[PDB]
Every structure is written in C-alpha cells, then in structure tokens.
Q: 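One structure, as structure tokens, below. Some questions next.
Here is how names work: the chains are called A, B, and so on, in the same order as the sequence lines, proteins then strands, and each is numbered from 1. The basis for the numbers below is simple: all heavy atoms, side chains too, and nothing from hydrogens, waters or symmetry mates.
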There are 4 protein chains.
Amino acid sequence: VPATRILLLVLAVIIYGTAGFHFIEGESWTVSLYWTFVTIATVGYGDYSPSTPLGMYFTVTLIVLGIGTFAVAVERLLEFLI
Amino acid sequence: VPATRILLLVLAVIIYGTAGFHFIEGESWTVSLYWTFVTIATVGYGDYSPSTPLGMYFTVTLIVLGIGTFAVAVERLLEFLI
Amino acid sequence: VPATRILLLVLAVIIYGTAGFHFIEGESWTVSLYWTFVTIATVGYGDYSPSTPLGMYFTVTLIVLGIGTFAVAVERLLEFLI
Amino acid sequence: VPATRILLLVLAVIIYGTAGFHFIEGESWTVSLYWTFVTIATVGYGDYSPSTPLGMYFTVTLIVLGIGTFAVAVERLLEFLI
Ligand SMILES: [K+]
Ligand SMILES: [K+]
Ligand SMILES: [K+]
Ligand SMILES: [K+]
Ligand SMILES: [K+]
C-alpha cells in the first residue's frame with residue numbers, strides 16, 4: 001500500500017478511537033486522543049481505561065482494528081524519516 | 001497457514017484465556033474476555049491482573065501461547081481489510 | 001541502515017524523551033530516563049505517565065517517533081549479540 | 001539460529017530477570033518470574049514495577065536484552081506448534 005493511504009487509514013483509526021472513548025466513557029477529547037494512541041501503540045499505561053461493558057467491547061474493536069494499522073504506519077514513517 | 005485456520009487458532013486462545021481468568025481469578029465472563037484481548041495484544045492496562053499464584057502461572061501460559069497467535073491474526077486481518 | 005547509525009537514532013530518541021518528561025512533567029532525570037525506555041519499548045507499566053495536556057501531546061510524539069526506532073535497534077542488537 | 005539455542009537464550013533472560021527483581025526489589029521468586037514474563041512480553045500491567053533507582057536501571061537492561069529475545073522465541077514456538 002502507498003504510504004499516504006496508510007496515513008489515512010491510521011487517521012481514521014484515531015478518529016474512531018477518540019470519538020468512541022469520549023462518548024462511551026465520557027472522558028475529554030484530549031484525554032481520549034491520548035488514550036487512543038497509548039492503546040493502539042500497545043503502551044497501555046492504564047491511567048485511563050474503559051470501566052463500562054460497552055467501553056470494554058469498543059476497546060476490543062479498537063485493539064483489533066488499530067494495532068496492526070498503527071504498526072504498519074510507524075514502519076512506513078521509518079522509511080521517510082530514515 | 002490459511003487465514004481461516006489462523007482465525008480458529010486465535011479463537012481457541014481467546015476461549016482458553018477467558019475461561020481461565022474467569023475460573024481462576026473469579027472475574028466475570030465479560031471482564032475476562034476483555035482482559036484476554038488486552039493481554040494477548042500486549043496492551044496490558046493493568047486494570048485487571050491475576051492476584052493468585054495459579055493465576056500468575058496461567059497468565060504466563062496465555063502470554064506464551066497467545067501473543068504470537070494474536071500477532072499473526074492481526075497481520076492476516078490486515079490483508080483482507082486493506 | 002548501518003547498525004551504528006541506528007544506535008545514534010535511538011540515543012537521540014532517549015535524550016528527547018528523557019528531557020521532555022523531566023521538564024514537562026517535572027519528574028527526576030532518572031525516573032524520566034526509566035519512563036522513556038518503558039514507553040518506547042511499549043511496556044507501559046503506568047507507574048509514571050503524563051498528567052498535563054502538554055505532557056500528553058509530548059508523549060504522543062515520543063510514541064510515534066520512538067517505538068519504531070527502538071524496535072529496529074533491538075533487532076540490530078540481536079544480530080551482534082547472537 | 002537453531003530453535004533450541006533460542007530456547008536457551010530466553011531461559012537465560014528469564015533467570016536473569018527473575019533473580020534480579022527478587023534481590024533488587026525484594027519480591028518473591030514467583031512474583032519475580034511472573035513480572036519477568038510480563039515485562040519481556042511488553043504486557044507491562046504495572047501491578048509490579050521497580051521502585052528503587054537500581055531496580056529501574058536493572059529493568060532497563062532487562063528491557064533491552066529480553067524483549068527481542070522473547071519476540072524471536074515466540075515466533076519460533078509458532079513454527080513448531082503450527
Ligand atoms: K506492548
Ligand atoms: K499498565
Ligand atoms: K503494555
Ligand atoms: K501496559
Ligand atoms: K514484527
């Protein structure tokens with residue numbers, strides 16, 4: 001896949017994760033964006049995490065859709081910076 | 001390996017992790033499924049984790065059997081969605 | 001890329017992460033260095049994490065710039081030790 | 001590298017991580033073994049983590065030496081089980 005397409009795909013993931021955490025778990029937009037990156041990068045500090053059943057299901061969907069997308073995007077970003 | 005076989009393998013991992021956490025650590029089925037994905041994806045928030053010696057041993061077995069299986073499944077899922 | 005260049009790149013990442021956490025979140029130099037490795041390796045214990053909006057933004061930048069760099073450096077280190 | 005050699009290398013990593021956490025941070029042998037796997041797999045729940053400067057330095061060394069070794073071992077284990 002072209003690198004710019006990979007960019008759009010991870011941006012879509014980030015929008016999905018951020019809006020979902022904000023509306024389901026009720027955290028601020030900024031916290032939700034931070035949490036989304038921390039989650040799809042697999043860092044997972046746990047300072048924020050879902051505490052409702054819907055949030056838990058949503059987080060599983062973000063894990064399945066986002067970890068692989070993020071991994072490819074960072075590998076591509078490596079090529080253009082190195 | 002065919003992608004559908006990889007699917008069955010990660011599903012078996014998920015059943016194993018979920019039933020094990022539920023019965024050993026006594027968390028609900030839903031929490032246990034959430035914890036299983038959080039663990040095999042290596043996100044590891046730590047909002048849930050084993051607090052008994054048997055749970056710790058079991059979690060090591062899930063880590064060894066499940067992280068690699070999950071990694072392959074997400075890579076394959078990437079091919080069919082992209 | 002030559003392995004020594006990869007070394008310099010991860011060292012630059014480590015300096016960036018350490019100085020940034022120290023000045024933005026006000027933790028000690030030693031804690032900040034520890035946190036930087038824990039973050040770019042994706043271990044993410046969460047014993048330390050940013051609690052300010054600027055720290056959260058900075059941590060996202062470190063995640064994007066550092067996880068891929070660290071992954072390549074450990075793979076290269078594997079070749080020279082094995 | 002032959003798969004059996006990779007096995008010995010990760011076993012050496014596990015001994016190093018376990019004995020080090022036990023003696024530096026004073027946790028039990030069993031907790032220390034659990035923590036070692038949780039760390040080199042990059043799960044990093046944070047239910048256990050070093051709280052002394054020496055423990056933090058040691059944990060960085062385990063992160064650098066162990067994450068790559070564990071990754072190769074799980075990939076090899078995947079071949080013999082699948
Ligand atoms: K991780
Ligand atoms: K954590
Ligand atoms: K983690
Ligand atoms: K974590
Ligand atoms: K990889």
Q: Could you tell me the separation between the CZ atom of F70(C) and the CG atom of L9(C), rounded to the nearest 0.5 Å?
A: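 Separation between the atoms: 14.0 Å.
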Q: Rounded at 0.5 Å granularity, tell me how far CZ in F37(C) sits from CG in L62(D).
A: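 Rounded to the nearest 0.5 Å, the CZ-CG separation comes to 12.5 Å.
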Q: Check step by step if side chain to side chain contact (heavy atoms under 4.5 Å, CB included) holds for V74(A) and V64(C).
A: CA-CA 7 Å; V74(A) 313; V64(C) 168; 5.9 Å; no
Q: Determine whether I82(C) and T69(D) satisfy the following criterion, side chain to side chain contact (heavy atoms under 4.5 Å, CB included), listing intermediate values before the conclusion.
A: CA-CA 10 Å; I82(C) 320 192; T69(D) 308; 5.8 Å; no
Q: Hydrophobic cluster membership, with links at side-chain heavy-atom distances under 4.5 Å among I/L/V/M/F/W/Y: are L81(A) and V72(A) in one?
A: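 No, no single cluster joins them.
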Q: Give me the atom names and distance for the closest heavy-atom approach of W35(D) to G17(D).
A: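 Nearest heavy atoms, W35(D) then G17(D): CZ3-O, 3.9 Å.
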Q: In the hydrophobic clustering (ILVMFWY, side-chain contacts below 4.5 Å, transitive), which residues join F23(D), or is it alone?
A: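 Hydrophobic cluster check, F23(D): joined to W29(D).
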Q: Compare every heavy atom of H22(B) with every heavy atom of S28(B), then report the nearest pair and how far apart it is.
A: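 Between these two residues, the closest heavy atoms are C-ND1, 3.9 Å.
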Q: At their closest point, which heavy atom of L65(C) faces which heavy atom of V13(C), and how far apart are they?
A: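 Nearest heavy atoms, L65(C) then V13(C): O-CG2, 4.0 Å.
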Q: Rounded to the nearest 0.5 Å, what separation is found between the CG atom of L7(A) and the CG atom of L11(A)?
A: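 Spacing of CG (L7(A)) from CG (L11(A)) equals 4.5 Å.
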Q: With salt bridge (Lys or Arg N to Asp or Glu O under 4.0 Å) as the rule and sequence neighbours excluded, what pairs involving residues 65-82 of chain B come up?
A: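 Listed once each, the pairs are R76(B)-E79(B).
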Q: About how many Å separate CD of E27(D) and OG of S51(D), when rounded to the nearest 0.5 Å?
A: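 One finds 8.5 Å between OG of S51(D) and CD of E27(D).
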Q: Do you know the tightest heavy-atom contact between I63(C) and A41(A)?
A: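 Taking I63(C) first and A41(A) second, the nearest heavy atoms are CG2-CB, 3.5 Å.
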Q: Are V60(C) and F21(C) linked, directly or through intermediate hydrophobic residues, by side-chain heavy-atom contacts shorter than 4.5 Å (ILVMFWY only)?
A: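 Shared cluster, yes.
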Q: Which pair of non-hydrogen atoms, one from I40(B) and one from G66(B), has the smallest distance, and what is that distance?
A: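 What the structure gives for the nearest pair is CB-O, 3.8 Å.
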Q: Taking only residues two or more places apart in sequence or in another chain, which ones pass ring-ring contact (aromatic ring centres under 6.0 Å, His included) with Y48(D)?
A: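 For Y48(D), no residue satisfies ring-ring contact (aromatic ring centres under 6.0 Å, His included) once neighbours in sequence are set aside.
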Q: Just by distance, no angles: are the side chains of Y57(D) and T30(C) close enough, under 3.5 Å, to form a donor-acceptor pair?
A: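 Per modelled atom types, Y57(D) and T30(C) side chains form no pair under 3.5 Å.
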Q: With rounding to the nearest 0.5 angstrom, report the CD1 to CG distance, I6(A) to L78(B).
A: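 If I round to the nearest 0.5 Å, the distance is 7.5 Å.
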Q: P50(A) and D47(B): which non-hydrogen atoms are nearest, and at how many Å?
A: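 In this case the closest contact between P50(A) and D47(B) is O-OD2, 4.2 Å.
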Q: Working to the nearest 0.5 Å, report the span between OG of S32(C) and CD of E25(C).
A: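 Answer for the OG-CD pair, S32(C) versus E25(C), is 9.0 Å.
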Q: For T36(A) and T18(A), indicate whether the former's side chain and the latter's backbone hold a donor-acceptor pair under 3.5 Å.
A: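 Yes; at least one donor-acceptor contact below 3.5 Å.
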Q: Out of curiosity, does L54(C) fall in the hydrophobic cluster containing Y34(A) (side-chain heavy atoms, cut-off under 4.5 Å, transitive links)?
A: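 Cluster IDs for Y34(A) and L54(C) match.
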Q: Can a donor-acceptor pair be found between the side chains of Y45(D) and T39(B) at a distance below 3.5 Å?
A: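 Their side chains do contain a donor-acceptor pair, which is all the 3.5 Å distance test asks for.
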Q: Using modelled atom types and a 3.5 Å cut-off, is there a donor and acceptor pairing between side-chain atoms of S49(B) and backbone atoms of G46(B)?
A: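 Looks like no, no N/O pair under 3.5 Å.
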Q: Can you check side chain to side chain contact (heavy atoms under 4.5 Å, CB included) on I67(B) and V43(D), steps first, answer last?
A: CA-CA 9 Å; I67(B) 286 174; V43(D) 173; 4.0 Å; yes
Q: Linking I/L/V/M/F/W/Y whenever their side-chain heavy atoms sit closer than 4.5 Å, directly or via other members, would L77(D) and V1(B) fall into one cluster?
A: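 They do not share one cluster, since no chain of ILVMFWY contacts under 4.5 Å joins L77(D) to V1(B).
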